[PDB]
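Inspection log for the structure reproduced underneath, given as structure tokens.
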Amino acid sequence: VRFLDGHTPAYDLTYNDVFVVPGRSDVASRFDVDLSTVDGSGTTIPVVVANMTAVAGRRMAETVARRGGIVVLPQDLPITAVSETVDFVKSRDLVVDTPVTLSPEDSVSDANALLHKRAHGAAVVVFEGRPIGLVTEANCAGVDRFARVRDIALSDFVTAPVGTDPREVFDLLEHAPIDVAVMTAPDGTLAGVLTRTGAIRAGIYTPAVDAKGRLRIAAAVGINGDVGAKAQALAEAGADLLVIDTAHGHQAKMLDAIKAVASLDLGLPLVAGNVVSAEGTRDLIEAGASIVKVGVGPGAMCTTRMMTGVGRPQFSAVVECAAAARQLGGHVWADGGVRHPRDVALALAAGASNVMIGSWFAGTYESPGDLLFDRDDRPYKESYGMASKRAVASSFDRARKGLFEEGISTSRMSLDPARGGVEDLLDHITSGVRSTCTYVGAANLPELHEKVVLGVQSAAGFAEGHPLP
Amino acid sequence: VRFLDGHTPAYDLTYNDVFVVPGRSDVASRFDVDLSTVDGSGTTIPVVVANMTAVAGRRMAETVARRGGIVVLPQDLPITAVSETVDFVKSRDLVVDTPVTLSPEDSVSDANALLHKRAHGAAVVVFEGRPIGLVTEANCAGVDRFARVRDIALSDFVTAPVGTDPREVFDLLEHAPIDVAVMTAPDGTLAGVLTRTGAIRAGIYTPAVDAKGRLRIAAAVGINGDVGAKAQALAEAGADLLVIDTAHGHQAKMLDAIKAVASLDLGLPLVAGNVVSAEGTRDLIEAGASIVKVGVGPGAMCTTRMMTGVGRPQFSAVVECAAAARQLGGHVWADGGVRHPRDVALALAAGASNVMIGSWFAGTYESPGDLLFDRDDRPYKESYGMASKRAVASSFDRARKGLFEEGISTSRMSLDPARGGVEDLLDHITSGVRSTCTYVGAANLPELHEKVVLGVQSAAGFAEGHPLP
Amino acid sequence: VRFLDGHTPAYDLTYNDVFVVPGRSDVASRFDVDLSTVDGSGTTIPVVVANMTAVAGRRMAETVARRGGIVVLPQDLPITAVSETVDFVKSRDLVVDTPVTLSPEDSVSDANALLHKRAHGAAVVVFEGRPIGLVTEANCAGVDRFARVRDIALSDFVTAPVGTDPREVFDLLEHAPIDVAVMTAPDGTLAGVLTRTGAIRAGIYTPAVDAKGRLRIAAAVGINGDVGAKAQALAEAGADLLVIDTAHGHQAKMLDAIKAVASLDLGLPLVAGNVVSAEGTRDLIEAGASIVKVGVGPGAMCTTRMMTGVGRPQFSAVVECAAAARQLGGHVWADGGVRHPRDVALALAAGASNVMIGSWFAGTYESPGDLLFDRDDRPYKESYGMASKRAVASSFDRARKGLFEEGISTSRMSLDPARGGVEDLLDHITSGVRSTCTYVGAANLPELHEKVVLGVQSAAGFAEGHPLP
Amino acid sequence: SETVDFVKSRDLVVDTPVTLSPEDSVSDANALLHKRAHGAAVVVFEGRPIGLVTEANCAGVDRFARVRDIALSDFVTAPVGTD
Ligand SMILES: Nc1nc2c(ncn2[C@@H]2O[C@H](COP(=O)(O)O)[C@@H](O)[C@H]2O)c(=O)[nH]1
Ligand SMILES: Nc1nc2c(ncn2[C@@H]2O[C@H](COP(=O)(O)O)[C@@H](O)[C@H]2O)c(=O)[nH]1
Ligand SMILES: Nc1nc2c(ncn2[C@@H]2O[C@H](COP(=O)(O)O)[C@@H](O)[C@H]2O)c(=O)[nH]1
Ligand SMILES: Nc1nc2c(ncn2[C@@H]2O[C@H](COP(=O)(O)O)[C@@H](O)[C@H]2O)c(=O)[nH]1
Ligand SMILES: Nc1nc2c(ncn2[C@@H]2O[C@H](COP(=O)(O)O)[C@@H](O)[C@H]2O)c(=O)[nH]1
Ligand SMILES: Nc1nc2c(ncn2[C@@H]2O[C@H](COP(=O)(O)O)[C@@H](O)[C@H]2O)c(=O)[nH]1
Ligand SMILES: Nc1nc2c(ncn2[C@@H]2O[C@H](COP(=O)(O)O)[C@@H](O)[C@H]2O)c(=O)[nH]1
């Protein structure tokens, strides 16, 4: 990267300590920018969902993969559940979203609770595979909680066949009381649901698909036990990319696991981490890792800096690791510390190929965590860190080992009323990155890295501009 | 120490301005790290309790010495009380803790007040030296405050003979309603109490013992009056280490006291302070001090920076003093400014041999201060600084001298519900230090000092990570 | 001054950005330090009261001059009032304080209001010049507000003749219910009052006196109108030192006023300001000013930095001005920005001869402002800045000139319950300065300036230590 | 029976005060101070009064100190049968 003359601070830099200087540009609009990555992950947008049980899930994986991103399944998850999740993700449609399905014998409370599992805002009642009505929050209000779905006054729905152009579906929903359109197969069974916003997004985001035209998905493995057997089993399960995640990636165990995984010649890309030094990236790449995971400390649930003082500011670590990888022909991923699209844009300008977002996506409908309401009826969801699952591994021995184990951190993630779904956050981040590219004057991410000019600002410089949310 | 290239700030550094960069490591787990010090203090862990009347006490000394630390008794304490404290500490068992003892004729209010003197959560009723029952907070609830202990419905207790392996004691407490196990001598009298957590800790922490196999203890002396006579008297009392503490250690008086103490050839290690300069450490070591106490200003109750502007950031002072001492073959101690295990880890990486913790331990059950409850029933204890006791020394003359004397600072230290006892804080700090060593890649503290790489971060860098407590 | 190696910041420094590094010392106690100034002002302590109508007054001048300081009367004050103030100050006793006097015909409300005019806490009822009783806050409580003083149950008082050694007076007040001792002349009339604290202070502070043995006092003049005539008139009135104060001291008008005043050969020391540059000090000294006033912006009521952005951090300006003055054989005064004794100690170490304290002393009993009570009955007093009086000078013309005039700033200054009087603040500041001198190892202020070593700290370094009040 | 004996063993004029021992705890003394309306307790050693304990004395003292540590205040003494 290029810095302004005289901008050589005597300390490492974070996302808040840097800014992007505009340059001469010829990009007319945001839509002229290509956001496809070149790291081999197959993602058309530089967004990756972290491998956390509070974030990664079936609905989240499907929604992110449909819009071009990828989701890494949490490590140590049972192999059967991984198989079902992969099959469900790869069995989805590339355009039509999967709605919440209900039976006429279901309870009203179950319908109300399931209404928030998706951002569509409505659920499709299915009888013998055929839609028969719609359930919305207005219908369940005032009704006995233990009545049946068939008692609920099911509302009419706009129906269109599958394969219809999204423009027509958008047109039919212009005056529809409910902004959902059910897509029915030529047989007549339920194929999915579509919305005006979804129809608009269909023409903007290109889904990330494998060689067979199915949505991509990734799985994570630990370094304890037989790493090679687990990696081979997950590769056979249909995973498109493998991640070997650990708290400290610059250790012997990590390198041995990398070598064991690479010896199998599975053919899938390998992601390893985490390191915050050039030597660590050189060691991981030489061991056989194609992509290096970068970041130790900036995790929103990571307490390493408070427990140990060990860590590094994200920006300097990312730039150093990216330079080291590019030197050896590799790629790096920015992990942790993302709160705003500014962080993603700066990480991309730093030299990273992808930006792994973690606890930010936990405050969405698609997150596996159950929706909760605060004292002021404000919706929120609880998120937590992976704790010991990222660490290196008789009741007495169990208690002795768990005495020194780090506690599970927790925090509340509020849901934005206008950005309840993860697709809204994806739109936010993509708009920010596209605006950054237009300001720099780059048509693609490699040009963004090549042409960017960075600067250093003080504490007062960050507060400049509109008050942060 | 080694810093990153270009990290040469134009100001002194604190604990919040530095971070540890991970390196290549081969340490599998935390338990492979040896935390024994090499400064001659005999502590198996780098934790020292400050010589304050609000922190140092019999129970605190016993608990800290059992887990490997040492406690320095406050200066100017009466010699008889010092003798009783030393005898009580050296008469304890290396494995079995000392519980709260009660008589059947004792009041219920006295039992309730004494229940919080230890972290066991229960007290053993003793009649003719034989346990007869147990008193818990549930038993005293609802009972008249002025009834007798014999009126309280004493609960059954799990009994095991002394010398039993801690694994068996842990096994017998698996389903016990009260998580305490009383140890009885072959005669049948009370020898102590043991808990599941204590049984687990017994196999992790090696107690710090003298040549006779008894728990170690230290005492502090001032520089006023006859320093040599007091030092000799305390050495004869059984103290294992002598500390000469004063507010400003780089003065003539201090050096003369050091020379007088060293002329006696007591054979005990000598600790002197406090200085924050290399010249001060050179002067103290040449005077005969084996260990130099470092720190002027970062004390939680020290107002020198506000009254006088005199002081120095702890990290730079510690690194300079450690370099100067090692040059002359000495050792330094970090005193004050510790709030989190990050501070201890950074001080150890700076080059210090031990880290003296002060007011942090005051918010524990073992502290001599009486337990108090806030308006919201939150437990807390008051702590205060040593004031004039650290300064260089007719009602009229007394008032004239006390007119310019510094006031006694005070603050409230809340008790963590999950870390009420000092053993929990010791576990916290030891886990942090072990994780730091594993991240650096060091099997012992000298290797931690040799292999550590430091960095400099701005204000925004410190806020990175999980919100501080 | 001397800074630590590598401590060369790229910005100007304030009081909060610097610290004093301890050195080798041989000063046994605080009382061995001599605080006498060498700038010719005659003050035995480095404390000067600012020329503000909210701070400078008869009682404040007397109290400060008795303890060794000096008070500068506000400019543009009527000459008759200046004459009465000077006569009253020079007619006071060097040991015995002046108490509040009341008549038996006075109202109870007047007595209550006057009780807070002094820190003695009691008033002496005088009939025909002879004390007859004492009035305290307890006596007036519960009594009708419009009763007479003679109705109040006057309490007995300890009486001692003038010239008695303060030790005896302190002894007689050991068991006195009221801690005031009235001093009676050999005739038998009231000469003053004395307290235990006052008796103690009498042996510590040496009063600042002129050649005739009377308390010193100073007066301030502006630069508008005939400066020479006003200066000569104030010199004839008995002022011991002249100050020419203006907002911007580096201007032609200022220099012409200095020349006009110096041409009169009054023989009194001249103080001029304010400038924050070496060139300004050189210009003022060459014009005839013996002492240069330093500081533009750090005033607690100064809005120049917010209205104009013009100013300079106090520490760098003070060190530069002190170096420039000493080069030409002059002296400088630190003005504004004092909140704690740390500021005074740092200003003295910077090279200043005296430290002028302003709005800090406004929150005292001796300040001319009327005592006020907050909503929570907390005592406080209002303070305000000099505004246009420091600026360079038909209803229409008056309004046109006042349209651009700066507004009068105001703020609330709370009274410390333990430091209600200004003597307590003087004790605080003197103790801080003496402790600073002992830490540095200096027996006097010139040695403090010569031997001091300074350092630079970041924002986190300032927060180190006990929480600031 | 004990209550009746205690009631019938009292004096018709002089009230029964709260009695304390020098080895008693400060918390016990504070709690017992409110058992009577006298507002003070009489410290008794070998049947002889030696001092007085009031709420002001116990304030600021460690709760688990002894009664003998408390600064016992002087008391006005008069023989029984005095008018
Ligand atoms: N009936 C019904 N249950 C659902 C639906 N989505 C999720 N669930 C229930 O909720 C559980 C958890 O949902 P998940 O976290 O897998 O999306 C599922 O295993 C299933 O029992 C839906 O659309 N309809
Ligand atoms: N040390 C640690 N790191 C965690 C934990 N949970 C998540 N992380 C890290 O933090 C990243 C997410 O950070 P976020 O984007 O939420 O700020 C994850 O991808 C992972 O690298 C945890 O419990 N401990
Ligand atoms: N009966 C009884 N008193 C105790 C016990 N521990 C402390 N005390 C009382 O509390 C006082 C202060 O306790 P310390 O601060 O020495 O632990 C002791 O001198 C003693 O009077 C205990 O286990 N039993
Ligand atoms: N100047 C001063 N230092 C104190 C006082 N009390 C404790 N200290 C210092 O502060 C250290 C403890 O700091 P802490 O660990 O509580 O932040 C002590 O070991 C001692 O060096 C006091 O009253 N005055
Ligand atoms: N009777 C009486 N009035 C006083 C005393 N001190 C001040 N005053 C009144 O209060 C006014 C203002 O007080 P000053 O601000 O000059 O101290 C005086 O002019 C006088 O009227 C005092 O001791 N006795
Ligand atoms: N510009 C300006 N300076 C003032 C005013 N009042 C006081 N000052 C300056 O501020 C100094 C006092 O500052 P302080 O010690 O209250 O922080 C005075 O001695 C004078 O130099 C005002 O109204 N305007
Ligand atoms: N030491 C002492 N204990 C008392 C005194 N009065 C009451 N107690 C205690 O408090 C209990 C209850 O008091 P009661 O309700 O009988 O007045 C008694 O049985 C006794 O243990 C007293 O004056 N001194």
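Ligands are numbered from 1 in the order shown, residues from 1 within each chain, and chains are lettered A, B, ... in the order they appear in the structure tokens.
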Can you check which parts of chain D lie within 12 Å of ligand 3? Per residue, the shortest pair of atoms and distance in Å to one decimal, counting only C-alpha atoms and all ligand atoms, sorted by chain and number, as CSV.
```
residue,atom,partner,partner_atom_place_in_ligand_line,distance
D:23,CA,ligand 3,21 (O),9.6
D:24,CA,ligand 3,21 (O),9.8
D:25,CA,ligand 3,21 (O),8.1
D:26,CA,ligand 3,21 (O),10.4
D:27,CA,ligand 3,10 (O),11.3
D:62,CA,ligand 3,12 (C),8.7
D:63,CA,ligand 3,10 (O),8.7
D:64,CA,ligand 3,10 (O),5.3
D:65,CA,ligand 3,21 (O),6.5
D:66,CA,ligand 3,21 (O),7.6
D:67,CA,ligand 3,21 (O),11.2
D:69,CA,ligand 3,21 (O),11.7
```
Determine, for each residue of chain B having at least one atom at most 12 Å from an atom of ligand 2, the closest pair of atoms and their separation in Å to one decimal, counting only C-alpha atoms and all ligand atoms; order by chain and ascending number, as a tab-separated table.
```
residue	atom	partner	partner_atom_place_in_ligand_line	distance
B:435	CA	ligand 2	1 (N)	11.2
B:439	CA	ligand 2	1 (N)	11.8
B:464	CA	ligand 2	17 (O)	9.2
B:465	CA	ligand 2	17 (O)	7.4
B:466	CA	ligand 2	17 (O)	8.4
B:467	CA	ligand 2	17 (O)	11.3
```
Selected residues written out with N, CA, C and O atoms, as a tab-separated table (two decimals), in the first residue's frame:
```tsv
chain	number	residue	atom	x	y	z
B	435	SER	N	-1.21	-18.57	29.49
B	435	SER	CA	-1.61	-18.33	28.11
B	435	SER	C	-0.63	-17.39	27.41
B	435	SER	O	-0.32	-17.58	26.23
B	439	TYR	N	1.49	-18.35	24.09
B	439	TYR	CA	1.48	-17.52	22.89
B	439	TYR	C	2.88	-17.10	22.49
B	439	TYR	O	3.22	-17.12	21.30
B	464	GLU	N	-9.69	-2.16	21.26
B	464	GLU	CA	-9.94	-3.29	20.38
B	464	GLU	C	-10.13	-4.56	21.19
B	464	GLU	O	-9.42	-4.80	22.17
B	465	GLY	N	-11.09	-5.39	20.78
B	465	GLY	CA	-11.40	-6.61	21.49
B	465	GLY	C	-12.67	-6.50	22.31
B	465	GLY	O	-13.44	-5.54	22.21
B	466	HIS	N	-12.88	-7.51	23.15
B	466	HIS	CA	-14.08	-7.56	23.97
B	466	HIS	C	-14.07	-6.43	24.99
B	466	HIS	O	-13.02	-6.13	25.58
B	467	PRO	N	-15.20	-5.76	25.19
B	467	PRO	CA	-15.29	-4.69	26.20
B	467	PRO	C	-14.68	-5.08	27.54
B	467	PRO	O	-14.97	-6.14	28.09
```
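Contacts from chain A to chain C at a cut-off of 12 Å (only C-alpha atoms) map to residues 9, 10 and 459 of chain A.
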Residue selection dump (N, CA and C atoms) as a PDB file, in the first residue's frame:
```
ATOM      1  N   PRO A   9       3.979   6.496  11.382  1.00  0.00           N
ATOM      2  CA  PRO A   9       3.827   6.524  12.838  1.00  0.00           C
ATOM      3  C   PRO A   9       4.727   5.503  13.516  1.00  0.00           C
ATOM      4  N   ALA A  10       4.937   5.717  14.815  1.00  0.00           N
ATOM      5  CA  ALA A  10       5.760   4.838  15.635  1.00  0.00           C
ATOM      6  C   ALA A  10       4.926   3.816  16.398  1.00  0.00           C
ATOM      7  N   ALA A 459      -7.012  11.022  17.032  1.00  0.00           N
ATOM      8  CA  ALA A 459      -8.302  10.701  17.635  1.00  0.00           C
ATOM      9  C   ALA A 459      -9.379  11.687  17.201  1.00  0.00           C
TER      10      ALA A 459
END
```
query: Leaving out region 148-154 of chain B and any residue of its chain fewer than 5 positions from it, which residues lie within 9 Å of it when counting only C-alpha atoms, given as a list in words?
result: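 Using only C-alpha atoms, the neighbours found are residues 102, 103, 104, 105, 106, 107, 108, 111, 125, 132, 133, 134, 135, 136, 139, 140 and 143 of chain B.
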- prompt: CA of residue 68 (chain C) and CA of residue 197 (chain C) are how many Å apart?
  reply: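 Between CA of residue 68 (chain C) and CA of residue 197 (chain C) the gap is 16.2 Å.
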- prompt: Could you name the residues that touch region 37-43 of chain A at 7 Å or less, counting only C-alpha atoms, but leaving out those on the same chain fewer than 3 positions away, as a PyMOL selection string?
  reply: chain A and resi 46+68-70+208+331+353
- request: Select the residues contacting ligand 7 at a distance of at most 7 Å, based on only C-alpha atoms and all ligand atoms, then format the selection as a list in words.
  value: residues 146 and 147 of chain B; 17, 18, 19, 20, 32 and 35 of chain D
Residues from the last selection, N, CA and C atoms, saved as a short mmCIF file (atom, residue, chain, number, x, y, z; two decimals), in the first residue's frame:
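Saved as again-v2.cif:
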```cif
data_model
loop_
_atom_site.label_atom_id
_atom_site.label_comp_id
_atom_site.auth_asym_id
_atom_site.auth_seq_id
_atom_site.Cartn_x
_atom_site.Cartn_y
_atom_site.Cartn_z
N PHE B 146 -29.89 -13.88 68.40
CA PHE B 146 -29.23 -14.07 69.68
C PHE B 146 -29.41 -15.48 70.24
N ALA B 147 -29.86 -16.43 69.43
CA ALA B 147 -29.87 -17.82 69.85
C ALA B 147 -28.44 -18.36 69.92
N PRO D 17 -29.92 -3.16 83.82
CA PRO D 17 -29.25 -2.76 82.58
C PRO D 17 -28.71 -3.96 81.81
N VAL D 18 -28.23 -3.67 80.60
CA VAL D 18 -27.58 -4.68 79.78
C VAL D 18 -26.16 -4.89 80.30
N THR D 19 -25.81 -6.14 80.57
CA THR D 19 -24.50 -6.49 81.11
C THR D 19 -23.63 -7.09 80.01
N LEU D 20 -22.34 -6.76 80.05
CA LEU D 20 -21.38 -7.25 79.07
C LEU D 20 -20.11 -7.69 79.78
N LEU D 32 -26.86 -5.86 71.51
CA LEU D 32 -27.48 -5.83 72.83
C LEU D 32 -27.80 -4.42 73.31
N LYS D 35 -31.47 -3.66 73.41
CA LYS D 35 -32.37 -4.49 74.21
C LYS D 35 -33.06 -3.70 75.31
#
```
Protein and nucleic acid residues within 8 Å of ligand 4 (only C-alpha atoms and all ligand atoms) as a PDB file with C-alpha atoms, in the first residue's frame:
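And here is the file that came out, result_4.pdb:
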```pdb
ATOM      1  CA  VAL B  49       0.920  -9.446  48.144  1.00  0.00           C
ATOM      2  CA  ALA B  50       1.662  -5.836  49.059  1.00  0.00           C
ATOM      3  CA  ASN B  51       2.561  -4.839  52.623  1.00  0.00           C
ATOM      4  CA  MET B  52      -0.706  -3.082  53.450  1.00  0.00           C
ATOM      5  CA  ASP B 245       9.848   0.121  51.860  1.00  0.00           C
ATOM      6  CA  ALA B 247       8.099   6.404  49.202  1.00  0.00           C
ATOM      7  CA  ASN B 274      11.109   2.380  45.420  1.00  0.00           C
ATOM      8  CA  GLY B 295       7.336   1.974  40.975  1.00  0.00           C
ATOM      9  CA  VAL B 296       6.489   5.493  42.149  1.00  0.00           C
ATOM     10  CA  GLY B 297       3.041   6.750  41.196  1.00  0.00           C
ATOM     11  CA  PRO B 298       1.054   3.834  39.712  1.00  0.00           C
ATOM     12  CA  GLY B 299      -0.261   2.814  43.133  1.00  0.00           C
ATOM     13  CA  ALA B 300      -4.048   2.788  43.210  1.00  0.00           C
ATOM     14  CA  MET B 301      -3.985   4.878  46.410  1.00  0.00           C
ATOM     15  CA  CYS B 302      -0.915   6.965  45.522  1.00  0.00           C
ATOM     16  CA  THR B 303      -1.604  10.672  44.983  1.00  0.00           C
ATOM     17  CA  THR B 304       1.986  11.708  44.225  1.00  0.00           C
ATOM     18  CA  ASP B 335       4.772  -2.678  42.312  1.00  0.00           C
ATOM     19  CA  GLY B 336       1.405  -1.037  41.733  1.00  0.00           C
ATOM     20  CA  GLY B 337      -0.744  -0.457  38.681  1.00  0.00           C
ATOM     21  CA  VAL B 338      -2.026  -4.039  38.399  1.00  0.00           C
ATOM     22  CA  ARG B 339      -5.722  -4.322  37.532  1.00  0.00           C
ATOM     23  CA  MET B 356       3.558  -7.189  43.725  1.00  0.00           C
ATOM     24  CA  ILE B 357      -0.243  -6.855  43.727  1.00  0.00           C
ATOM     25  CA  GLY B 358      -1.846  -4.460  46.191  1.00  0.00           C
ATOM     26  CA  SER B 359      -5.400  -3.134  46.401  1.00  0.00           C
ATOM     27  CA  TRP B 360      -6.727  -5.701  43.904  1.00  0.00           C
ATOM     28  CA  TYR B 384      -6.783   2.310  52.020  1.00  0.00           C
ATOM     29  CA  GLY B 385      -3.176   3.302  51.445  1.00  0.00           C
ATOM     30  CA  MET B 386      -0.249   3.207  53.837  1.00  0.00           C
ATOM     31  CA  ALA B 387       0.144   7.022  53.850  1.00  0.00           C
ATOM     32  CA  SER B 388       2.668   8.302  56.389  1.00  0.00           C
ATOM     33  CA  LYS B 389       4.014   4.811  57.167  1.00  0.00           C
ATOM     34  CA  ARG B 390       5.900   5.056  53.854  1.00  0.00           C
ATOM     35  CA  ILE B 408      -5.339   8.552  53.764  1.00  0.00           C
ATOM     36  CA  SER B 409      -6.982   7.678  50.451  1.00  0.00           C
TER      37      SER B 409
ATOM     38  CA  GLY C 465      -2.532   6.538  39.923  1.00  0.00           C
TER      39      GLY C 465
END
```
- request: Enumerate as a ChimeraX atom specification the residues within 8 Å of ligand 1, counting only C-alpha atoms and all ligand atoms.
  value: /A:57-59,99-103,106,110-111,114,117,123,366-369
Output N, CA and C atoms of each residue in that selection to a file, as a PDB file, in the first residue's frame.
```
ATOM      1  N   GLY A  57     -25.525 -21.154  10.302  1.00  0.00           N
ATOM      2  CA  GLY A  57     -26.696 -22.009  10.357  1.00  0.00           C
ATOM      3  C   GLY A  57     -27.212 -22.263   8.959  1.00  0.00           C
ATOM      4  N   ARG A  58     -28.240 -23.111   8.880  1.00  0.00           N
ATOM      5  CA  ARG A  58     -28.796 -23.483   7.582  1.00  0.00           C
ATOM      6  C   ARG A  58     -29.382 -22.273   6.864  1.00  0.00           C
ATOM      7  N   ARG A  59     -30.262 -21.535   7.543  1.00  0.00           N
ATOM      8  CA  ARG A  59     -30.893 -20.374   6.925  1.00  0.00           C
ATOM      9  C   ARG A  59     -29.862 -19.309   6.577  1.00  0.00           C
ATOM     10  N   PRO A  99     -39.436 -20.121   2.192  1.00  0.00           N
ATOM     11  CA  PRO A  99     -40.250 -19.497   3.235  1.00  0.00           C
ATOM     12  C   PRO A  99     -40.486 -20.436   4.413  1.00  0.00           C
ATOM     13  N   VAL A 100     -41.080 -19.875   5.461  1.00  0.00           N
ATOM     14  CA  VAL A 100     -41.480 -20.659   6.624  1.00  0.00           C
ATOM     15  C   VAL A 100     -42.755 -21.419   6.288  1.00  0.00           C
ATOM     16  N   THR A 101     -42.738 -22.729   6.510  1.00  0.00           N
ATOM     17  CA  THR A 101     -43.871 -23.589   6.203  1.00  0.00           C
ATOM     18  C   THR A 101     -44.603 -23.971   7.483  1.00  0.00           C
ATOM     19  N   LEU A 102     -45.929 -24.039   7.397  1.00  0.00           N
ATOM     20  CA  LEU A 102     -46.764 -24.387   8.536  1.00  0.00           C
ATOM     21  C   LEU A 102     -47.830 -25.381   8.102  1.00  0.00           C
ATOM     22  N   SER A 103     -48.328 -26.138   9.075  1.00  0.00           N
ATOM     23  CA  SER A 103     -49.428 -27.064   8.882  1.00  0.00           C
ATOM     24  C   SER A 103     -50.695 -26.517   9.533  1.00  0.00           C
ATOM     25  N   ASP A 106     -50.928 -26.917  13.298  1.00  0.00           N
ATOM     26  CA  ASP A 106     -49.933 -26.289  14.152  1.00  0.00           C
ATOM     27  C   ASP A 106     -50.582 -25.269  15.085  1.00  0.00           C
ATOM     28  N   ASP A 110     -46.664 -21.491  17.969  1.00  0.00           N
ATOM     29  CA  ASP A 110     -45.592 -21.974  17.105  1.00  0.00           C
ATOM     30  C   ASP A 110     -45.489 -21.136  15.838  1.00  0.00           C
ATOM     31  N   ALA A 111     -46.632 -20.780  15.246  1.00  0.00           N
ATOM     32  CA  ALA A 111     -46.619 -19.935  14.056  1.00  0.00           C
ATOM     33  C   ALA A 111     -46.021 -18.568  14.360  1.00  0.00           C
ATOM     34  N   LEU A 114     -42.281 -18.913  14.783  1.00  0.00           N
ATOM     35  CA  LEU A 114     -41.617 -19.191  13.514  1.00  0.00           C
ATOM     36  C   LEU A 114     -41.679 -18.023  12.542  1.00  0.00           C
ATOM     37  N   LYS A 117     -38.352 -16.385  11.976  1.00  0.00           N
ATOM     38  CA  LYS A 117     -37.221 -17.166  11.490  1.00  0.00           C
ATOM     39  C   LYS A 117     -36.713 -16.676  10.140  1.00  0.00           C
ATOM     40  N   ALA A 123     -45.587 -16.436   6.654  1.00  0.00           N
ATOM     41  CA  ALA A 123     -45.388 -17.869   6.515  1.00  0.00           C
ATOM     42  C   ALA A 123     -46.473 -18.458   5.626  1.00  0.00           C
ATOM     43  N   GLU A 366     -31.789 -14.462  10.379  1.00  0.00           N
ATOM     44  CA  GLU A 366     -31.256 -15.728   9.893  1.00  0.00           C
ATOM     45  C   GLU A 366     -30.297 -16.392  10.872  1.00  0.00           C
ATOM     46  N   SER A 367     -29.868 -15.694  11.918  1.00  0.00           N
ATOM     47  CA  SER A 367     -28.949 -16.290  12.875  1.00  0.00           C
ATOM     48  C   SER A 367     -29.656 -17.387  13.669  1.00  0.00           C
ATOM     49  N   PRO A 368     -28.954 -18.470  14.013  1.00  0.00           N
ATOM     50  CA  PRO A 368     -29.607 -19.573  14.738  1.00  0.00           C
ATOM     51  C   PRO A 368     -30.118 -19.193  16.116  1.00  0.00           C
ATOM     52  N   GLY A 369     -29.600 -18.126  16.718  1.00  0.00           N
ATOM     53  CA  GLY A 369     -30.044 -17.758  18.051  1.00  0.00           C
ATOM     54  C   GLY A 369     -31.512 -17.371  18.065  1.00  0.00           C
TER      55      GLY A 369
END
```
message: With DSSP run on the backbone, what are the strand (DSSP E) residues within chain D? I'd like them as a PyMOL selection string.
response: chain D and resi 18-20+40-45+48-54
field: Given only C-alpha atoms and all ligand atoms as the counted atoms, nearest of C:181, C:82, C:204, C:65 to ligand 5
entry: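 That would be C:82, the residue with the smallest distance to ligand 5.
Rounded to one decimal, CA of residue 187 (chain C) and CA of residue 156 (chain C) lie 20.3 Å from each other.
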query: Could you name the residues that touch residue 129 (chain A) at 8 Å or less, counting only C-alpha atoms, but leaving out those on the same chain fewer than 3 positions away, as a VMD selection string?
result: chain A and resid 126 189 to 190
query: Near region 47-58 of chain D, within 6 Å and counting only C-alpha atoms, which residues show up once chain neighbours fewer than 4 positions away are dropped, as a list in words?
result: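 What passes the distance filter is residues 40, 41, 42, 43, 72 and 73 of chain D.
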